[PDB]
Structure formats: C-alpha cells, structure tokens
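Test case, fold it:
(chains A, B, C, D, E, F, G, H and I)
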Amino acid sequence: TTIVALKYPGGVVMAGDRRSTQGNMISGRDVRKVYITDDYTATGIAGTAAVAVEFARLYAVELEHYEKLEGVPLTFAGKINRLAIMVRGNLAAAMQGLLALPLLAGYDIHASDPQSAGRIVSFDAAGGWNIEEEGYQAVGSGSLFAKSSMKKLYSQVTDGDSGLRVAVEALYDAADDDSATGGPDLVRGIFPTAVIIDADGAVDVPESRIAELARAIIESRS
Amino acid sequence: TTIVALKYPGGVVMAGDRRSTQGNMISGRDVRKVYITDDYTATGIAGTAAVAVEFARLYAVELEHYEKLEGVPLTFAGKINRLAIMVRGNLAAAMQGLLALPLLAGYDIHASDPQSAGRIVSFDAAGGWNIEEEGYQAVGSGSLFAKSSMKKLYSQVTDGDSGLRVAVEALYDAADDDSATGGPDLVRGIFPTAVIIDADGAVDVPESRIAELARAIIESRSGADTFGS
Amino acid sequence: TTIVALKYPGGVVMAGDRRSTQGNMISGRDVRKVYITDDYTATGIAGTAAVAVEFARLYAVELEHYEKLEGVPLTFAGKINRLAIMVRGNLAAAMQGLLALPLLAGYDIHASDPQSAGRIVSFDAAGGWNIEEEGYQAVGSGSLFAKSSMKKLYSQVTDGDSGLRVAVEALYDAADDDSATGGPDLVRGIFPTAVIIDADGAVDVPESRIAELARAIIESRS
Amino acid sequence: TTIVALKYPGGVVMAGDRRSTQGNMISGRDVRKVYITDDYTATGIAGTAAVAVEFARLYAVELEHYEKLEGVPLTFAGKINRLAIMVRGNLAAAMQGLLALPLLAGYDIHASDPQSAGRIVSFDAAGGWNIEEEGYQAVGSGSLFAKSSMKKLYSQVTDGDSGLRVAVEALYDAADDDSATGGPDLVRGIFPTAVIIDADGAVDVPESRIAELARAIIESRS
Amino acid sequence: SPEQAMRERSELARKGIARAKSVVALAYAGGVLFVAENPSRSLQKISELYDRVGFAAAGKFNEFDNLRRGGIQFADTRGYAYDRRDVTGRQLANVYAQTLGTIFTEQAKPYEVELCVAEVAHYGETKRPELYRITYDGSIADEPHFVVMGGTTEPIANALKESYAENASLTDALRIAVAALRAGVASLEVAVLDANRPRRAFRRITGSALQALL
Amino acid sequence: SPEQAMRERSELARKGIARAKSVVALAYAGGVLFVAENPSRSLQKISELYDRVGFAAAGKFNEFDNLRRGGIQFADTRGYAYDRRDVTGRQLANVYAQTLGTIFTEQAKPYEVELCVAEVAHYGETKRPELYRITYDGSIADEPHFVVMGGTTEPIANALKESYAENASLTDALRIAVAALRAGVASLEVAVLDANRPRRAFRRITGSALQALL
Amino acid sequence: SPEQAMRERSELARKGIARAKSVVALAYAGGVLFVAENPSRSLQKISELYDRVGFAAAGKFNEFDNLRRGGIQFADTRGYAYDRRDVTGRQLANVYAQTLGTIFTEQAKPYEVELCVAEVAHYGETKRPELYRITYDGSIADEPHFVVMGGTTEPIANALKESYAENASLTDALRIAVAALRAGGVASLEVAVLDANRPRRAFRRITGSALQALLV
Amino acid sequence: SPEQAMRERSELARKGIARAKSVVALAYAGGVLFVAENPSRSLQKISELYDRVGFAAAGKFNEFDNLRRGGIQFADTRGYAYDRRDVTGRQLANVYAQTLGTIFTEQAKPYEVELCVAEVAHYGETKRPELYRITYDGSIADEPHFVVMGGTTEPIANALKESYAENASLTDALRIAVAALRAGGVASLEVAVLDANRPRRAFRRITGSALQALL
Amino acid sequence: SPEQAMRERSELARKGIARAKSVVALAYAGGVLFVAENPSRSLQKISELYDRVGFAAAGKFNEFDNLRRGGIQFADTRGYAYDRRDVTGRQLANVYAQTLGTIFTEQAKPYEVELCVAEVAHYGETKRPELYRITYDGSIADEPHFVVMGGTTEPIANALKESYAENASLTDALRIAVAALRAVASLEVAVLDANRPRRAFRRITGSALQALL
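Residues are numbered from 1 along each chain as shown, chains lettered A, B, ... in the order given. I have put the structure below:
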C-alpha cells in the first residue's frame, strides 16, 4: 500500500492505490483507501485492512458526533488529537499484527492565509503526530519510494491539477518498486483514487481524470 | 536527540535539536522539543516522540490546573515532584519501548537570590530527579557529547546571549558526533529552538538570533579547521 | 554508594557519600543520602536513587503524621516496624531493579540509660531488620569495605567527635575500593554529609568540619 | 541456623543459635531466634529472617488476641493449627525464596499426665505439622547434625537441666558441621539463647547459665 | 419515635412467643434434659449444635430454625479454624445474643423466638452443666438449674421452681419437667446432652425407649 | 406534596442567595469586568476557568467553590481530550446548567448559589463578549451587556441598566460598577478577561493598581 | 394519593412548558421546517440528530439539551453498530418516549419539556415527512402536517390549522409558521430545515441575511 | 423532630443504663480496681484490653461486649502495626468516644451502655493511673480517682466521694467499693485489678477464696 | 419540609455549641495565640495541623477531634503529593467548609462544632497572620484580628473588640484573651510561633502558663 498527500496553492490532494495482499497473494484490486472524513478532511490508512477501515469509519463518526453535539466543528488541532488518540489505543493490538497507520489531509478554514490553509499530518504507531511542513508525505509499504519521487517532482506543483498529477506519478513510482502497491491497471480500468480539498470543501476526484493522467505518465515512461 | 539547559546570571536557557528518527532513517526535520510549561518553566523531552509530546502537554495542563484550582502556582519543588511522578508512572511502558526522559528548566520567583534563581533538573527513567549545581545538563542520545562540550565552554557564559550561544554550540557538538541529533540545516533554514527564562518569565528565542549564532559557529569551525590539521 | 552509622557513648552519627552512577558513568557528584527523619532519627538509603528518595520522604511524613494524629511520637520500635513494612512492600519492584535499602540511626528518648540510647538498625531487601549491637553498620556497594575499616578503627570511638572522624575515614576507605562510592572532592569542595544525634536531637554536621576531617585523612595517608 | 527442642519429664526446652548469613558472609552474630509466644509456648523459626521474625510476632499477637476475645487461651491443638495455617499461607513466597520454617515447643495445661505434658511440633514448608513423639526435634541448616547428636545424647535428658545442657551440646555439634550455624563466641561472650517451659510457664534461660554449660562442653572436648 | 417503635417491636415479639408451645431445659445428674411440647413428627425444636452443646427454642419455627443453622455454621467453622475443644456453649450464647440484638434492631420484624444454649462437661471431665437463655432482643442470662421458654412460662416456672432438685435421675427429672409444663409421648420431643457419651453428647430419646421413661 | 417540595426548595435557594453579598459582571471595550463585594483577602468569588473563560458567583462559598473546581476540571479535561480552542464559555454554562439542575432535583439541599460564566475573544480575534447566568435551578440565560447576582439585585440592576455604555473604558466600567454595586477597594474583588492578552485572559486588579482606578 | 401526586407532578411539568416560549415544525415541499421563538445568541432549541432526522424542543433548556445529547448518542451508536440507513426518526421518537416515561416515573422531578422528532426521506426516496411529538410523560403521537409545542399552543395550533398548505414552499411555509407563532424577526428567531434535497445531512440553519431574505 | 429525636434517644439510653447493675473503678496504691455487681459466673463486665489497659462497662451485655471486642480489635491491631508501647488508654477512650458517638447518631437504637477505660503505668515506670468514662453519646471525661456506672450512681458516687483515700491498700480499696456499692458477696461480685506490679500484663481477676479473703 | 428541617438541624447545632466551653484565637505580634477553657488533663481543643497551620475548636469533642484528624490527613497528603510549602490555611479552611457543609446536609445529625484554622508566616518571611472560622453549616469567614467560638460569644467578643490592639504581645493579648474569656491548669494554651523554623505550633504549659498571665 501507498497513500500520498501534497499541498498545492489553496488546497490539498490525497491519493491512494487499490491493492490488497495476503502475503505474496494479491487479494484485492479495487480497495478504496482514501476517505472524506468531513467537509474539509480526508484520511488515508495503511496496514491491516480490517483495522484501517474501522479507523476511518469510527473517526468520521467521532468528528460528526462532536459537531452535532456542540454545534460547531472541532478545530483542526482537535481533529489531529482525536486521531492520534485512536492510534495510540491500538498500540497493543498493532504489536500483535493489527497495525494501522493513518495519513491526514485537510484544509483549515480557520487558518490565517487561504493559500497556505492546507494541512498534512503523519502518524507513527505510538500515535505520535507531525504536521508536515515540507509539502508532501506518504504512508504504507511504498511510502519511501513515493516520497523520494515527490521530492524530485514537487517543484512542478503549481495548481490542483499539477498536484494531482504528481500524486498519481508518486503512486506509480511506488508500485514500480513495491509489489504490495498496485499500479494503474489498464486491462481492468482500475486506477488510484483521490480526494481534493480546498476552500470549497473535500471532493472525490473523478476516475476519468486519474486515468488520463495515468496513461500520460505511462506513455511518458515508455 | 539532544536537549541542553544551562544557568546564566539572572536566568536559564534551554535549547533542543529538530531531528526525529526511525532507526537510521530521518523521519523529522522540524520537531520542536522544548516547551514553555508555565510562565517560569520549560520542559524538554527526549526519547519516544509520542510519549515525549504527551508528557509536555499533560504536565503543562496539570501545572495550570493546580494554579486555577488553588489560586496560586505550585512551588518549584511541587513542580519537580509532579513531573517525577509522571515519569515513574511510565516505567513499565518505558521498558516496552515507550521511554521518555524530560529535562526541566525554570526560574524560581521565590528563591532568595535573583541572580541564582535559575533551576535545572534532570530525571532518570525511574523518576529519580536531581537539581543540578554545576550550571548545565543535557538529555538525549547526544547528551554526553553536549555535556563534555559545555564543560569546556561554560566559563564563557556571562549572560543570556552568551548562554544561548554556548547552548547552540553544545547542540552543534552533539550533532557532530550523534547521527540521531540534527545540526543546523542551512539549506532549509531550520535551527535548534530555545527558551529563555528570567525574572520576567519564559520566552521563546527568535529563530533569527539562533540562525545567526549557528552560522557564526559554523564559520568559526571552518576557520579553525583550516588553521589546524 | 556507602552510608555508615555508628554508636558513641551518648549517641549516633550517620554519614554518606555523594556519588551517583549509571553503569560506569558518574551521574551525580553531590547527592545527599542522609536525611533527618524526625528530631531523633536519621535515615540513609542506598540503591536506586528514585526509590531511596521516595522512601526517606514518605517515611518522614509517616512519622510526623502519627505524631500529629496521636499527640505523641511513635516509639523507636514502632519507627523500625514502619520502615521495615515500607521495604517489604517494595520487594517485587526490587526484584525488578528498583531495589532500595535503608540504614536507620536514632537516639531513643525513652531508653533507661542515655549513654546507651543510640540506636542503629539495618534492613535487608525483604524488610528483615536488625538492631545492631556491635556499634556500627553500613549499607551500599561499599559497605563491606567500610565495615572492615570501622572494625579496626572503632576502639577509637569515645565521643561524637572521634565517632564522626571514624565515620568519614570509613567512607574514605569505601571510596578507595569501590568506584561506585565518591571520595572527598578537594577540587570542587564536595564532601560526605553527616548527621549527629544525641539527647538534644538530630543535627546536620557542618560541611567545614567534614572538609577538615577529610583533608586530614588525606594528608595523613599521603 | 539450628534450633533444637527436647522434651523432658514435666517440660520442654528450646534453644537456638545466634548466626545470620548472606551467602558465605556472616551478617549477624546476636540474632535471637527463640521467642516466648505465650505463657506456655515457645517458637523457634529458621530460614529467611524477615519472614521468621514476622511469623513469631504475628503468631503471638494472634494467640493473645484469641485469649482476650474469648476469655480463655486456645487449646494446644488450636495453637498448632493456627501456626500451620500461617505456614501454608506463605507457600507461594517460600517457593520464591521467602521460606521460613517454625519449630513449636509448649507445655499443655490440659493434658492428663503432667510429667508428660511437654509438646514439640515440627512443620514442613506446606504447613504439614507433626507432634514429635521421640523426644526431640530440630529445624534449620544444621538440624540433621543436631538431631543425630541428640539421638546419642537424649538418654541423658532426665530433667530440664540436663535437657538444657544437651540442647546446648546439640547446637554446638550443629555449628561444628554447619558453617551457617554459629557456635559459642567466647571472645565476644555471645551464646545460644534458650527457653524452658514447665507447669509454671515459659521462661528465658539466663545467658550466664548457657555460658557455663558452653564452657564446660568446650573443656570436655579439649 | 425511638421509644414507641422499641415498645411495639418488643410487644410484637413477646406476643408471638406467648402464642407458641412451651419448652423446658434442666440440669440433671447425667447431663442436661430437653423437653418440649411438640406435636410434629419431623419438625424439631431441639437440636445438637456441637460436641457438648445443645440447642432448644420456642417461637416461630422458620425463624428459630434459621438461628439453629447459623449456630451450627458458627460452631463448625470455629472448631475447624481452631480446635473442637475451643468451641463452647458460652461462645454460642454470646453469638446468638449479638445476632438477635441485631435482628431486633435493624430487621423489618423482630424474631418471635426465645433460645436456650446448653453445655455439659467433656467425657471423663467434671464440670457443672451450663444453661443460657437468649431472648428476642439479644438479652442473655445463665440459669443454674433450668430454663423455660414459650407460651405462659410463669406457671411452668413456678411448678418447676418448687419441683426441681439437681442431681436427679433422668426419670425423676423427666417427670418433674413434664409436670411443670403441665401447669401452663406422641406430643413430646425429648433429648439429652449426655455427659457419658465420648464425643457427641446429644441424643434423642424417642419411641418405646421414651415410653419407659414416661 | 410535589408542589410544596419545589416551592419549598426554591425558596431556600433564593433566601440563601439573597442574604449574600452582590457580584456584577459587564462587558467593556477591553474584555469583561468582574466586580464583587468581598471583604476577604483570601476567599475568592471570581476565578479563571480557562484561557478566555471567566467565572463569578454569589451565595454559599463552599458550594460555589465546589462548582468552580468542577468547572476547572471539566474545562481542563475537554481541552486535553480535544484541543484548547475547543473549550468555550457556552459549554461551561451548559455544564453548570445541567449540574445545578441535578443538584436542585436529587440532592438533600439545593445549592444556594448563582453563577456567571463569561468569555471574551481570542487574541487578535474579533468577537463580542458573552455572559451567561445560571440559576440554582439550572435555568440559563445569556445577557448581552451585564449580569448581577447575590443579595438585592433589582436596585443594582436598574442602577446599571441606566449607565451601561457599550464599549466603555476599563476605568469607566470600574467606576460604574462600583456605584451600582454601592447602591445596594480593600473590600472589593476585581478582575477582568483582557481580550488583549495573548493566551490567558484572566487577570486580577488588586492593590495600588486597583486604587488607581478609583 | 399516589395518583394525586402524579397529578401535581404533571401540573408541575405542564406549567413549566406553559411558561416557555413556543416552537413549531411543519412539513413542506422541501422537507421539514423548524421555527422557534428564540432571542438567544447561542442557546439552541432546534438541532440535527442524524442524517435525515431533526430535533426541536420547548421547556427547560438544560433538560431538553440533555435529551438532545442522549438522542445524538443513541443515533450515532446505532448507525455505527449497524448502518447509517438503519437509523430512523421512528426509532428516536420511540427512545425519547421510553426515556421521558422513565424520568416522569422514577425521577425526583419530571422533565418540563416537550419534544419533536422529524424525518425527511433520504435523498431521492419519495416519502412523506414524519413528525413525532413526545410529551413529558412519555406519550407519543405522529402528526401528519405540523407540530406545536411550548407556551399557549391552542392559539398557534388553530392559526396554523387554518392556513396550512401541503406542498407549500419554503418562503410560504416560513411566513405561515411565523404568523401562527404570533397568534399565541431575525434577532428573535431560530430557523432551520431538514432539506430533503440534501445528499446526506439534511439539516441546515437559515440565519442572518438569508433568514432576513426569507422574511422579506 | 430532630431535637425531639435526640431527646428520646438519650432518654432510652439513660433508662437502660439505669435499670442495669452498677460498676465501680477506683485508683489505689498498686494499680486500679474494678468491682461490679454480677451474679453470673460466665458473663463478664470487666475485661483486659491491652497490656496496661482495662475495660469495665454497665448496660446491655450484648452491646458492651460488642464494644469490648472492638476495643480489643483496635488495640491488637495498633500494637501490631506500630509497637505495643504505642497503645494507650487515651487512644482507646478516644476510639470508644468516636464509636458511641456514631452509634448514637446513625444507628436504629442508641447503645444502652456506659464504659470505663483505665490505664496504669508500665512495670517499674512511675505514672498516675488514668480513668476515662465514655457515655452513650460519645462524651468522654477523665476522672482523677474513681468512676461509677450503671443504675443509680449518685448514691454510690457520694458514698465513695467521702470514703476515698489515695494509695489505699487493695483490701481497703475493695471495702470502700463494696460498701459504696451497696449504698445505692463473692457469688455476686466480679473483681479484677490492673496490677502495676506485673511485668507486662497488668490485668488479673481476683476470684474465689482469694477474693473471699480480701473481703 | 426542607425549610423546617434546615431550621431544626441548625438549631440543634447552635445549641450544642452554646452549651460548650469557649475558645479564643487572636493575632499577636508573635503570630497566633490559642486560648481555650479546658480542665482536662488529656483532651485537647487546640492542635497543630501543618508546619505553620493551627487548629482550634469548640463543641462536641468526638466530633471536632474527628475533623482535626481529617485535617491532618488532608494536609499531610497534599504536602507529600506536592510540596510542604504548598499546604496553606486558606486550604485547610476551605476543606473544612466543604466537609461541614456536607455533614450538615447529608448526615443524620449536624456536627455540634465551630472551627478555627490559623496560619502564620514561614520563618524569616513577612506576612500577616490569617484566621478562619468555619461553622457547623459550612460557612467560612476570615477574621483580621481574633476569633471566638463556643458558649456565649458576644460577651467575650464585644469585650474583645475594644480590648483588642494589633501587635499586642503574647502577654498583653493573652490577658485580653483571658479577660474576654471571663467576661491556670484548667486552661489550654498554645501558639503558632512565627519565629520557629518549621513547626510553628507549640504548647505553653505548666509554670510558664502563669508567668505570661
């Protein structure tokens, strides 16, 4: 698995691959790993599938539960803290093979400057969090590859679309090196999924755009 | 990681590096390890990040909790005790790989002599504490290097700025010998963070002074290297 | 560490070194290991610093707690029993590396004969206590050396002054053979600490007097 | 350690040595191991000092507690059972090195034949008790040597005096073969302690009496 | 109203005991004798408590049987925790005293009962029998010769008071006892704590064997 | 009867609060101002709750001090579980409302107290101050300019009702506050939530400093 | 008189609800509409419960806010336990009914409140809206067109009973509602709707200039 | 009426104590002396509490025996947790005071009893005996020479108030007590002393021929 | 009838305190002086709480001794959990206020007691003594110069207000205390001596008691 996140002016993009494995065996080809948690937040989780899904689901419920009860959304810092608490709570289980690591991306409507309102937060197995300051981050078995790829491509991000293309190319580079990450599958029409977040909220990126970008990336490598 | 603290006339300075590691891999470049706990206290924590951060956060809340409840701040000794209790409480987890060691620095508004009101307290994994009487202390994987450096440089500390400089130089010396400690990053403009505390309270040192100090140390180091063999 | 205690006609003296170690590394140079527990009692604790300090602190509070509650101090035997209970209660943690052994010294106000009112009580890790009848005792990694030293110097003990001198020389001999025990530091001016107790109560010995004894011992051996 | 107990017509004598050890080191030279539990009972305990002392102290309190509560003393059988219960309770700890074994001696006031009222009860680590019918018993690291000695000397026990004398010789034989048992210390004037119990109750034997017996034995073997 | 309640509860209890059949216990040469007016074949108002200790009661059966069981519970537990010979009639009486006292105080309804605990000497031992009477409110008292409980006592008490003579034979005693009851076998429950049995003194005297005595 | 209970319980709370000294809280250009009649140096009726949230009370000390502590407990726990900025005056008011509501209903005696929770904007932020008043019965209500509690309020309320100047100076408010307070310095407890402060808004105005504004 | 007591208890509650401001909920072409008399800046009587379920109440604030929170608790737990689609207005009404019934029976004082739970159809389903009214004693009842609670209801009820229009528009429904509320402005009202046209979370507040525009 | 309730409670306890036999405790040269009117062989009104501490009570047996056991429980526990010599008559009186105070307040019925805790000096020690009286409501008071409880006290109090001599012999002291008592035999008296001369356990009963004699 | 109960309980309490001996505590130059009418060889109405905090009470002994123990429990626990210097009288008084408040409300009978907590400055420190009075219902108040409790207070008090001077010394204030008391070995006396290094509390007994008089 590989889930990437990056910051583009005025927004954030998060994208993930579709593969699932059970040892060397490919057990899934269309898993959706990036979720829209609330109107301005997206979560991508890597590791043990069962736990990853439960996390995303519980987390979104807990964010909306706060909103309804208090009439106002949790601050971005509060959202981070709640997610960190959830991860820390799974530490014992994680040591037994039930490890799940999330990657958080969002747009802080309450930040000062709107072009820099994008947020990326990574987490370690103990719940330690870190607000990424260098523009991008990644989690999963192919994260190192994706990060080294983004390092060389980030300078090309100048808008939502170029950002999305870099994200997709990073995922592509991850699959190229990590058998546990799935590359774009042309035969079946399955591509990475992605969420874009800006002042207008979190939006699922249309499959068709990712496919066009994918093909262009492939063509370019050929 | 390396966090240092030293006493200077009328004050105390605490500074920490910005690195985070996962084995050999550098996982963080801008981690802030020194926190202002209250108006006259600062905490710097080394070890497992997730625990270190929780400690600083909880400890600060506990100190402010007491103040609001009782209308007056805890005495410096009470602050020490509360932190020691927190460390002791993590002893089982620490053995399981969740170790975090703090370093405490403060200014005691109630001490007798204001020029000596600075305080530095170190802690071991069992919560054992010790108020330092030699002017400096350090914690983290680069602490031995930093202390041996400060040992030779402490006589240059005659005020807040020279103390800040010596602290930064001690962190530099730690990064020079400990790959787990991050030196000044000139390309990205990332430098150690620092807090200064005197009778007027705890204050964050401006990045700009730290950045100048760091370049000056580096330039000095280059010059001296060229002069010798 | 080495903490010594000896009986002299009319009282007791207890002295301790100031070193702290982390393996082979010196971690402390001026740790105070001898505490005045109440007006007629002193405690010296060896072992794990964190636990040693907690013991002395809690013990003194417990003794004074009883005094305020019942209007009268605990008998000396009651004091011994309370300390033993505290040690026994740490046996599990001690088996795990949190071992702390105390040495108790006191002047018994209720004893019939004042010249003999001095008391020295040693403790083992299980809380077993023993009221020393031979005049001196020691605890810590340098205790054997100190005891062997006192055995040959004890006959010179006739008052508090010769007592305190024999105590400092015993600590000096302990440091001479046990790297974990700190000898007098002439460069920094750090010396062992000591408490003397007689019918008039427990009193901290002035550093300057210990410094004089230490220096004399040193010039003598030179 | 060696604690011996023998029956003589009309009573029992119990005697113990004074040594304490920490491995090969002598850590005590004047430990008192035989306690007067109530007016007609004495307890001697071997093993881990901390536990031994606690046992004797708790046991005596329990016996007197019953007496004050019910207005009469526990029957001898009840006393045995209570002690047995205490031993059984410490089994877990004993397995972990906190083993302590008591030896019980007493005069039964309710027994039909008064010259035969003496009682000697031994205990195993599981609390199994046995009322000795052969006249003597011993407990501790030198108990086999003591018992084998008493076997050859018992015919001499015709009264409480020769019984005390035999007891002392058995302890002497024990120390002659077991380094963990202390022999009579002529230089320091320290001797085994002893308790005698007859129809008039339990009494501590005067040290001067034991010292006289000890010196005679030494002269004899000389 | 701490004083009114006290009186009512006390009355409620006394009344219940009054409407109940009578029981008598007296010292005699061979032990203690228990005799109660008891129509029922399988319901017992007299019972063994421990080796040398007996129990007798009058009042509401379910309530005194409850106390009987508790007594047996207490005795067996003691004897086991210490030794058999450490259990005594005095301890049992003391326990009943404390128990009824508590019931009388904190329970919804007082126990409509009156108890008697008796003890004889151990085999071959020589000791004067002991009789204890515990009442619904926890009051205790030891009678030197006999105890009467249930229904109208005075008439039975006086009849016995003039009748009794210690060291009497089992039969003379049995007769004196029955007659006092008469003042206030198929209708009698009889038992003795027999000092000559080696361990368990308690023994019922029933059927033909009872006839002969009668 | 159930109406008698409520009637009776309600009267006690009012009477207790009535016989107590008065407290006033009002918005001003720089934050909120708290002024209470207090002859005590060491016992406080005005306190900090959280970063931008203040507390003031009138009534039985031990009872509102109790509430004050519980408030601090609540605030600190919420801020830690989520984030500091998630704690609000509205939440605290809500909590007190629920707490007093419960006390008034299920506790032996109602709490003879009246509370006020106030909140100012965060540093550099721009928001109108908020004041909440919670009664002994859990009734809650937010005043737009000022709140008065303890003793005879009407006199003080009307007096203040007259002079309120939104966005008044600190000295103006202080001065105005004392008079309304007076119509009903070593005997005053004064403190403000200073919107101008970076984190912790609460601060006491005492001694010479306080004198200065009188 | 247990019954008599249960009489006073009940008057005690009714008189609190009586002395409280009024609230109205009505069905309309676009969903359900909630309108209550509310001067407060920050204390709300109308709230979202779940995706297509709304809440409105009248009476003692601390008491119905308590119920509101419990409702949200119940809904979120249920949705997570099973699925979001499994949560329905009927379930929530049923829960409130049981809850108030218990309070009314075993608590020191009855809750001086009256609640309304409303449901709109999920996105795209054609379903008529459901309005449920739960009273202080646990009684429940579903109204087909509108619900009124708090203060003097009859006047408001009748006023609404006469101008009620099904399929009525948001602006039309709003005015109709605000009128009937007068019978018994922006600064004084809390307005929100369960907008059946919303994809997931139907609930939304109509405030400020927008509420202003609608009143226009 | 709480004021009324308290009154009824005190009244009930007083009546119970009044209808009960009398007990007396007085200082003497060799210790403290306990004398009670008691028919019974087996049920005792006077008991040992600890080393130098004695107990005497009047009232409902099951209730004061309850307090006696509790006292022994308290003493033995303290001595064991600390040391024997840390247990004192004052502590016991204090405990009874607090205990009775609680019973009198929160229990269904007050305890119909009156207690006396006495303490003599330790062997070879020199200290004036101490006597304390704890009533049914938790009120405590220390008498310097003697204490009287149960039934009609005034008659016995006054009779003793005149008769009393410090450092009286045991025989003399026994006499004043018996005489004082009737003013308001062995098979009807329970007698015991705290004998300051005994090395550890002071308490000892004077019964049978030995008692007869002293009479 | 919440209002009736409140009154009766309150009455029951006031009466008990009324029939009890009187106690007085006053600030003097030297810190705080405690003087109470007390004939007992063994029962104290004045006690040390913590290093510089004192306690005095009037009413039913078993009840205020109960409070005294709880206070010592509270102080020792706090000082251990934090530091000795974190324990204060304002704190001990606050605790008593809450405690009595609870007793008065939820216990069978109210506590027939009246308490006074006093605190002096730490050695070498310079601070004005503090005196607190807590009543059977949990009411608290700090007096600037003196506190009177038990029996008929007004005669003792009123006498005190004119009689009182600030900085009156142990002897002068002490007599003023005894005088208001009337308005030797049957009296208990103790002071929190601001001049002692840690434990301020100390009893003035025997011969020294008459000398100061």
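
How much space separates the closest residue to residue A:61 other than its chain neighbours from residue A:89?
In this structure, residue A:61 finds its nearest non-sequential neighbour in residue G:80, 5.3 Å apart by Cβ to Cβ, 6 or more residues apart in numbering or on different chains. (C-beta placed from N, C-alpha, C; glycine too.) Distance, residue G:80 to residue A:89, using Cβ to Cβ, to the nearest Å: 16 Å.

Neighbour count for these two, which is higher?
Set side by side, residue G:80 and residue A:89 show more neighbours around residue G:80, with 17 against 11, by other Cβ atoms under 10 Å in any protein chain shown.

Which secondary structure state does the more buried one sit in?
helix (DSSP: H, G, I helix; E, B strand; the rest coil).

Which single residue in chain E comes nearest to chain F?
residue E:2 (21.8 Å; Cβ to the nearest Cβ).

So for the one helix or strand residue A:217 maps to, what gets flagged as buried?
Per DSSP states H and E: residue A:217 is located in helix A:207-221. Using 16 or more other Cβ atoms under 10 Å in any protein chain shown as the test for burial, helix A:207-221 gives A:209-211, A:213-214, A:217.

can you pull the alpha-carbon coordinates of it into PDB?
What follows is helix A:207-221, C-alpha atoms only, in PDB (Å, rounded to 0.1, in the frame of the first residue of the first chain):
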ATOM      1  CA  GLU A 207     -11.900   8.300 -12.100                       C
ATOM      2  CA  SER A 208     -11.600   9.600 -15.700                       C
ATOM      3  CA  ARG A 209      -9.100  12.300 -14.800                       C
ATOM      4  CA  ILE A 210      -6.900   9.900 -12.900                       C
ATOM      5  CA  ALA A 211      -7.000   7.500 -15.900                       C
ATOM      6  CA  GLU A 212      -5.900  10.300 -18.400                       C
ATOM      7  CA  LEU A 213      -3.100  11.300 -16.000                       C
ATOM      8  CA  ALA A 214      -2.100   7.600 -15.500                       C
ATOM      9  CA  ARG A 215      -1.900   6.900 -19.300                       C
ATOM     10  CA  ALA A 216       0.100  10.100 -19.900                       C
ATOM     11  CA  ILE A 217       2.500   9.000 -17.100                       C
ATOM     12  CA  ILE A 218       2.800   5.500 -18.600                       C
ATOM     13  CA  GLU A 219       3.300   6.900 -22.100                       C
ATOM     14  CA  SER A 220       5.900   9.100 -20.800                       C
ATOM     15  CA  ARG A 221       7.800   6.300 -19.200                       C
END
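
elements contacting that helix?
Here helix A:207-221 touches helix A:160-177, strand A:193-198, going by 3 or more Cβ pairs under 8 Å, 6 or more residues apart in numbering or on different chains; DSSP states H and E.

Could you pick out the residues of chain A near chain B for me?
Contact residues (Cβ under 8 Å from any Cβ of the partner chain) of chain A with chain B: A:84, A:88, A:124, A:126-128, A:130, A:133-134.

Now with 7 Å, please.
For chain A, the contact set with chain B under Cβ under 7 Å from any Cβ of the partner chain comprises A:88, A:124, A:126-128, A:130, A:133.

Residue of chain E nearest chain I, please.
residue E:2 (12.3 Å).

got the contact list for that residue?
H:5, H:8-9, H:12, H:109 (Cβ atoms under 7 Å, 6 or more residues apart in numbering or on different chains).

likewise residue A:103?
Residue A:103 neighbours (Cβ under 7 Å, 6+ apart): A:3, A:5, A:44, A:122, A:137, A:139.

and stretch E:135-154, C-alpha only, in CSV?
Taking Å, rounded to 0.1, in the frame of the first residue of the first chain, the C-alpha atoms of stretch E:135-154 are listed here in CSV:
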residue,chain,number,x,y,z
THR,E,135,-34.3,-13.5,74.2
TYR,E,136,-35.7,-11.8,71.1
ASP,E,137,-33.9,-8.5,71.9
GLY,E,138,-30.5,-10.0,72.5
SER,E,139,-30.6,-10.2,76.2
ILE,E,140,-28.7,-13.1,77.7
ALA,E,141,-28.7,-14.8,81.1
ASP,E,142,-27.4,-18.1,82.5
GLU,E,143,-29.7,-20.2,84.7
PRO,E,144,-28.1,-22.5,87.2
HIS,E,145,-30.8,-25.2,87.1
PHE,E,146,-33.4,-24.9,84.5
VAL,E,147,-34.8,-22.7,81.7
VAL,E,148,-38.4,-22.3,80.4
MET,E,149,-39.5,-20.7,77.1
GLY,E,150,-42.6,-20.2,75.1
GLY,E,151,-46.2,-19.6,75.9
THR,E,152,-47.1,-19.0,79.5
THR,E,153,-43.9,-19.5,81.4
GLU,E,154,-44.6,-18.4,85.0
